[PDB]
Amino acid sequence: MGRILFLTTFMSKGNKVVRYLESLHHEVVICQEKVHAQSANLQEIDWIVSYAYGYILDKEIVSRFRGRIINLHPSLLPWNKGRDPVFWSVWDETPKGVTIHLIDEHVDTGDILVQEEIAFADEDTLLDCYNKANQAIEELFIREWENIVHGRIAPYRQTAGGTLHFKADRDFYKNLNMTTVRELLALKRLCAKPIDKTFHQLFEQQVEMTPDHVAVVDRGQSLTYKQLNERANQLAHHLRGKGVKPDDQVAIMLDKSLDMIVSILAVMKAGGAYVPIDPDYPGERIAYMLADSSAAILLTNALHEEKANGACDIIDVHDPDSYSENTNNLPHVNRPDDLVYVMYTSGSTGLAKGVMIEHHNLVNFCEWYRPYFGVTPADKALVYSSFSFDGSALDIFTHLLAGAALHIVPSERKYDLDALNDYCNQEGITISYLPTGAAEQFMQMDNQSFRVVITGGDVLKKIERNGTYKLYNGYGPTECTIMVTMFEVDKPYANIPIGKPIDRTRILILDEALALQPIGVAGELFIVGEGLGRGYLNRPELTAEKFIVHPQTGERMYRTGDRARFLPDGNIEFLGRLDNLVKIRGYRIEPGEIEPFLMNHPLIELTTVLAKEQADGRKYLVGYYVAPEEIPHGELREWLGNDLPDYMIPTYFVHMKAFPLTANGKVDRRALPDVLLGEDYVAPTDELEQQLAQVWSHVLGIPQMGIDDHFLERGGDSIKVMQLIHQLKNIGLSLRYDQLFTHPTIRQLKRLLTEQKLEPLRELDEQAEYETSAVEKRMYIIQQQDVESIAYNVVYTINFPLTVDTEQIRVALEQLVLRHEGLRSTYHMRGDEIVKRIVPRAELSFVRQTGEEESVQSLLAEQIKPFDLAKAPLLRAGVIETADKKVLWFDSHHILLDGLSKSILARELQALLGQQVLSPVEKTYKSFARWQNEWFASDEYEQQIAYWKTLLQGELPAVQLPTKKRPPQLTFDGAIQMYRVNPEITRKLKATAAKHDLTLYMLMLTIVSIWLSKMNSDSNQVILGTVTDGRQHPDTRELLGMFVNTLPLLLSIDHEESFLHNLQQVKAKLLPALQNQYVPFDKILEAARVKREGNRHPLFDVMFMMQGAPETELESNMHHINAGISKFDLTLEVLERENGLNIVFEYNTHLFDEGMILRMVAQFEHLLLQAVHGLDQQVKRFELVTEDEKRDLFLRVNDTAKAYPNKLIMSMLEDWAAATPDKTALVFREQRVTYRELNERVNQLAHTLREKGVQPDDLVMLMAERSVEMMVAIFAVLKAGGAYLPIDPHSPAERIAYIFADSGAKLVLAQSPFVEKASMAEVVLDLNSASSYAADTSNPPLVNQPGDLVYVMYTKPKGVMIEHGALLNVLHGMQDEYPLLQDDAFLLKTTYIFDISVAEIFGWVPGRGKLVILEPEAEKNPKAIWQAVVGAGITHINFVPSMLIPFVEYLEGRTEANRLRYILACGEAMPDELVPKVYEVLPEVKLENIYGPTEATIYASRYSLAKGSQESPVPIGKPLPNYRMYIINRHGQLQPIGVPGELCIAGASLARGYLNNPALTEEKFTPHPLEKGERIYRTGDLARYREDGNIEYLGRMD
Ligand SMILES: *P(=O)(O)OCC(C)(C)[C@@H](O)C(=O)NCCC(=O)NCCS
């Protein structure tokens, strides 16, 4: 009975087998972790039985246990060896069974001991099969174990054959194991000839089949196939004679006509592809297509010739010399992979993209179209669609190859469908493609000619039609040629499916991971096959992103962005777009976020606002609302206009009695009804306004710009304003950057430009060395000042799947090396000139490492090493391969790769990784460097630097942040915390900025400015740096290099004005800066009389960077790796990522603790949320501290609630003389008064007072210097009922008369000499004389309450009224922290015209301790005070930094003070040195720093100073029991940790106020909302909390 090692997948697997072995008394060891030769689970083992073990055993282990190592493999070996055996046995449909075998050297190949067949039912899921096989093999082992142990079985070698599978082979099928075996194999079937001819080859082939058949009809005129072919051949010979070659583009700008079809075919036959340009398009679209398309030839009319503005070499289709005599077919020069046409996508996501479609793409469609629709020459097709839409390639090309006749739609009849149907019935139009919009509308017509009406492009919903024609619903974007699927609408559907794939077309429904979705499961519609176009014109990055090579399958597929599912019958259901978001008039917004604003309308009950796209793709918003009666259109537009920008205002509003609902109660959005320029849209009037309207549409990628539309409300960024200025100078108009914002409409711009009064970047000739740009010089300077610094290393990481070939990544980067001079640029110092050298070729470091996900970052950090700017390439890369990922990392230098350069690098790396080619870089950085160097000598520069001189000449504001002690020199060690604005808030921000003619940058800038303002004591002027793109010359947009310029922003936050007003002022202050942005930061420093000095950065310590969303997917998946670097104190880098804002707080680790950034991070969020919701609120009303910070601040600082006895201080004196009469209570030199002796003396003096009308609040006055008489006077003034008002006998008489007159005191107790000094005293009971002492010694009745005054302390001085209970709170507070027990004693050092004496004078009676009345002679004398400490064994002593300094000067050499417990310093800020110096002079003693204003009853905060701790700023500490302390700014709101503010005390210990000075009392004791309406005392003292909560005194607010 031997031990047995059970190796299985998880612990409970094969547990039946384990239990059986144990019943045979086999000790079994279950192990799922990887076992090695040296594993402790191997010795004393007789058998090893593995069972789907997740690892392979070392060949040492297998040989050691020869004949004694069995594996339970759930497959009919040799079939399905290795991983996922059951699944592959089902997918590959290989023989099924379970096999117990001898593990041998290879994977699942040894001699079988016991094998058994198994069967899976069609209805079983792949999990069921997996389970059934696992159960069958376990039972098999249980039955034949005995035969195996005893060796009765004869092992037999596996049959020859089988299969093998690894972990990754199933990734493509991961989502399928919950499908039935039937369903699985059904998907297997669902996912299981070449094209030789070009179109004109087939057309010419068709011309020879039906030459005299009508080919094209245009009103009265018409051409036959022969005539069309010949006329096109004539133009083709002329076009080919003009240089047209394969893949060349020939623009065609004509109306639908015969010349149109002739020109189209003429371009093909010539060899090239025709770029169609509908002349009805606006000039903006018409100039764009001519420029973007590489077309030199423009086939056009004289009617439309001027619409090209001489941009193209025109070949007039009416000039007879444009047609050759030769009418024959030209020699074929085209392959099926050559371009046939270039269509431009919609202008929704911006400017259209040239879709490059190859011949085989069109031929495959036409070769499928003809037989699918049974097209014959008898058919007559309508040339209905604008020639620019591929819907017209359908119209023209599919029907020409079928011999059908084309019928140009009359311009008049195109949109008057009544006349269209008439024409269709007249001419007999049998087949045609109509866009869904026009199709549904045409169904209403009484058509009788059509047999097949194909539709698509938009969601078809209507099936009913007054015609006998088969309605066909087709789908497929322009990228995959007209349509990739076709459905025969045989019946109505809630979702009319788009059909099955067309010829040579496979369609995969894939999830985000590109893995197969089970049939019926929705996913992204991926198109594979012959329809896939070549890609986008001049957009290789977009081609690589949309035309992907599947990682598992290897097939090239197109990513449609559409959601669809396969229905059980094979047809595909179109489920709209994947993205919840939609781009409306230039903004990606969530239409459901407009719903609350509509529903907020009084008349509106429900609302469900969807996004609908016009026929031409223009997206508009429809706001459906359930209201009793229809609401006036203009009333809703104005309603939303009060809160939303134009683009969030639905173009149309639809009233409905109620919404259609789904089975789940949701609004059935599909069941909502369907429905232009917009109100206040003024079309251009003058020829100038038209030009201005064209440049606008181009810059903003949005058409139809009204002359009152605001630029920043139509998607205008600052980058786009630059494009406008650049493209206006091209148009001949000179516009200034700030002029665009002051004239943000074309009406305003037309008046601005009444002159109409070029300058490309001059590429330099080759030199050994070139000028560097100003910023190139700066980057170089920075790096050479710390050659070992990785501070400007630009490190990024991309997580690639294991399927990626690392060598492809390596090779792509090397191309980027050979493509951009920046990556071959080396910077050198030739004398005093920073100089760049261009290397022709550079070798890229590309390292490969294998590790684990746990060590990727560690392996990468070691790779981030400094760059030698004299060595190219300034870029390193590598791949860290883990079990899951191949992590691509690359590191570049900032002198080469700024944010935009990186976008260009990501852009182009994506193209190369996606097997695309890049156009050669037209310009070089060095050319811009020289241009800008010469521009620095122009008048424009002198005017720009003049702005900076005038702006930065005066005193500049400084922005102090709640940081740690600055390093003596600038450090760059840092870390990042990232705050995520969610997409919802981010759209709210963009909507706010657009609503009020602002950019998102201005908005975020004003939020950061307010944030910095609030953290800078709500300063009016804030200064912070920002980064401009620094791409001054428009010819530098595409160059890798350091362009970005740093700008200082002098912004003025007016906290009394609203947030918007602040936005306009910041805008007003920013635009001049951005107008003069091209002065190098270093030259702005010169003009500002500022130089790089010290531990602070020159003009600003906070950088605010902002870069828009990534331009490409690869850039999106690029993870900026911060190598522990912070270029400034703090950098807020708002990054548009995943429709939100990744606000990365890059901070100096020496200036901020992770907790200090976590708080500032939380504060910024809280503030950003307060701005977005407080557009019209005064900025002063925005809170900086978060509610969680207030709670923790209370918990850590103000959780001081400790119930205390309300029994009065003299009642407490009474009890002690009654319980322990004879104990020592006072000690003045030889006097050692007891509790009974003191109390009675007090009772005598008390009666005297009551006999002279001393009610509560009555103010008695004292001027008796340190003597028992003082205690008698106090303790008994208190007993009498009135308050004691101390006065100094040594003060001038003008003040004693002032204090007495202003106090209105009723009587005066003064030590015998000081009665004459109390001149003209109303009723003067000589303190010392016995006459002032009644013989009665009975404890008078305590009529005083805790609310009546106990003493009046004077500060023209002011008298602080403080009530009794306020004092008890303190005395019990100090007693808890610093108990003055019977053994203890208190020294009296501080003069009693100071709130500190009150502690001495009463801080002894709580614990029945004694009070040493130190003599006035020994007041400032520390040696004399030193005697008391040793003499009477003082335990409590109050002190001040001024007296505790000399007291310390008598150092350890003086000893004999064992009883001394506490030293309580107060009144002044304690120096740092005064703490440790004390400790060496007096160990075993507790030192305490105390703070308390006279208005807060003696004390307020305390800080215990540990012996083993040294404080840099000795804090005044946390508040006492029932004390609450608040640090507020000049607007009355709580400050966060570190931020200076006015210290305020609250609680039961606040002084009643100033005596008969109410204007002053209400000034300083203000009912604050932070104390639940109760008043706070404003101290006039600047302070700031610490991380732990201890308050730090900063000084009076002066
Ligand atoms: P506008 O108010 O929309 O924005 C102004 C702007 C300074 C942000 C803009 O003109 C600009 O230059 N953005 C470029 C930001 C950048 O280049 N970041 C690079 C970081 S290395």
Side-chain angles (χ1 to χ4, degrees), residues 586-587 699-700 710-726 737-738 740-741 744 775-776 778-779 782 791-796 822 892-906 989-990 992-994 996-1009 1024-1034 1036-1037 1039-1049 1051 1063-1064 1066-1079 1081 1103-1111 1115 1118 1120 1122 1125 1127-1128 1131-1136 1141-1142 1144 1146:
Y587 300 80
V699 169
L700 303 170
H710 295 265
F711 191 78
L712 303 180
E713 201 175 15
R714 295 294 179 276
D717 309 336
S718 296
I719 298 173
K720 290 177 183 297
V721 165
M722 304 283 201
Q723 300 168 12
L724 177 59
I725 295 147
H726 159 233
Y737 186 84
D738 71 0
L740 184 277
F741 295 83
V775 69
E776 253 180 358
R778 192 190 154 191
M779 283 304 104
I782 294 168
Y792 279 82
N793 282 38
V794 185
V795 189
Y796 282 89
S892 188
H893 201 267
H894 214 301
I895 195 170
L896 165 59
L897 202 77
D898 55 32
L900 201 39
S901 293
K902 176 221 71 173
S903 305
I904 298 162
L905 182 100
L989 283 161
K990 290 168 172 172
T992 294
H996 309 275
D997 203 69
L998 299 154
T999 70
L1000 182 65
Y1001 171 75
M1002 295 174 187
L1003 195 73
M1004 301 301 297
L1005 176 65
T1006 303
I1007 292 173
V1008 173
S1009 303
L1024 72 170
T1026 192
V1027 167
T1028 62
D1029 68 346
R1031 304 258 184 167
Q1032 185 173 359
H1033 202 287
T1036 63
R1037 297 299 303 183
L1039 303 179
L1040 285 208
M1042 176 55 161
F1043 291 89
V1044 315
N1045 190 29
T1046 301
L1047 284 194
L1049 296 181
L1051 311 176
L1063 284 166
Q1064 303 303 332
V1066 169
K1067 173 186 177 180
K1069 291 298 188 177
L1070 171 66
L1071 295 173
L1074 294 181
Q1075 160 67 51
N1076 311 286
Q1077 59 180 87
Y1078 298 119
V1079 184
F1081 185 63
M1103 172 64 73
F1104 174 62
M1105 277 161 44
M1106 173 145 211
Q1107 217 183 320
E1111 299 177 359
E1115 190 182 357
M1118 262 171 65
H1120 190 36
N1122 181 278
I1125 297 299
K1127 310 214 214 300
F1128 301 89
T1131 299
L1132 268 68
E1133 185 187 28
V1134 294
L1135 301 170
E1136 286 184 58
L1141 310 188
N1142 281 7
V1144 172
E1146 168 180 298

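Index from 1, following the sequence. First listed ligand is number 1; within each ligand, the first listed atom is number 1. Heavy-atom basis, side chains included; hydrogens, waters and symmetry copies ignored.
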Trainee: For ligand 1, is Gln1077 a contact, meaning one of its heavy atoms is under 4.0 Å away?
Mentor: no

Trainee: Going by the order shown, which atoms of ligand 1 are within less than 4.0 Å of some heavy atom of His894?
Mentor: 21 (S)

Trainee: Tell me if the centroids of the rings in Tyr1001 and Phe1104 come within less than 6.0 Å of each other.
Mentor: yes

Trainee: Measure the distances from the heavy atoms of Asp717 to every atom of ligand 1 and state whether one is below 4.0 angstrom.
Mentor: yes

Trainee: Are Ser892 and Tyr796 close enough that a side-chain donor and a side-chain acceptor fall under 3.5 Å?
Mentor: no

Trainee: Count the heavy atoms belonging to other residues, nucleotides or ligands that lie under 6.0 Å from NZ of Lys720, then report whether that count exceeds 12.
Mentor: yes

Trainee: Answer yes if the side chains of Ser903 and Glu1115 hold a donor-acceptor pair under 3.5 Å, and no otherwise.
Mentor: yes

Trainee: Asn1122 and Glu1146: which non-hydrogen atoms are nearest, and at how many Å?
Mentor: ND2-OE1, 3.1 Å

Trainee: Would you call the rings of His894 and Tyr792 parallel, tilted or perpendicular, where under 30° means parallel and over 60° means perpendicular?
Mentor: perpendicular

Trainee: Output yes when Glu1136 and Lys990 qualify as a salt bridge under the 4.0 Å nitrogen-oxygen rule, no when they do not.
Mentor: yes

Trainee: Using distance alone, determine whether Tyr737 and ligand 1 share an N or O pair under 3.5 Å.
Mentor: no

Trainee: Short list, please: which atoms of ligand 1 are under 4.0 Å from a heavy atom of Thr999?
Mentor: 1 (P), 2 (O), 3 (O)

Trainee: Considering only the protein, which heavy-atom contact is closest to atom 15 (C) of ligand 1, and what is its distance?
Mentor: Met1106 O, 3.0 Å

Trainee: At a non-hydrogen distance cut-off of under 4.0 Å, which region of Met1105 contacts ligand 1 (side chain, backbone, both, or neither)?
Mentor: side chain

Trainee: Please write down residue, atom name and distance for the protein heavy atom closest to atom 21 (S) of ligand 1.
Mentor: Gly899 N, 3.2 Å

Trainee: Can you name the nearest heavy-atom pair linking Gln1077 to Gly1030, along with the distance?
Mentor: NE2-N, 4.4 Å

Trainee: Return the option from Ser718, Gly716, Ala1073, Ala993 holding the heavy atom at the smallest distance from atom 5 (C) of ligand 1.
Mentor: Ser718

Trainee: Counting heavy atoms only, which part of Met722 comes closer than 4.0 Å to ligand 1: side chain, backbone, both or neither?
Mentor: neither

Trainee: Regarding atom 12 (O) of ligand 1: of the candidates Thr1131, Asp1029, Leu712, which has the closest heavy atom?
Mentor: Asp1029

Trainee: Could you check whether any side-chain heavy atom of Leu1074 comes within less than 4.5 Å of a side-chain heavy atom of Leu1047, counting everything from C-beta outward?
Mentor: yes

Trainee: So between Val1027, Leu1070, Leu1135, whose heavy atom ends up nearest atom 7 (C) of ligand 1?
Mentor: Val1027

Trainee: Has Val1044 got any heavy atom lying under 4.0 angstrom from an atom of ligand 1?
Mentor: yes

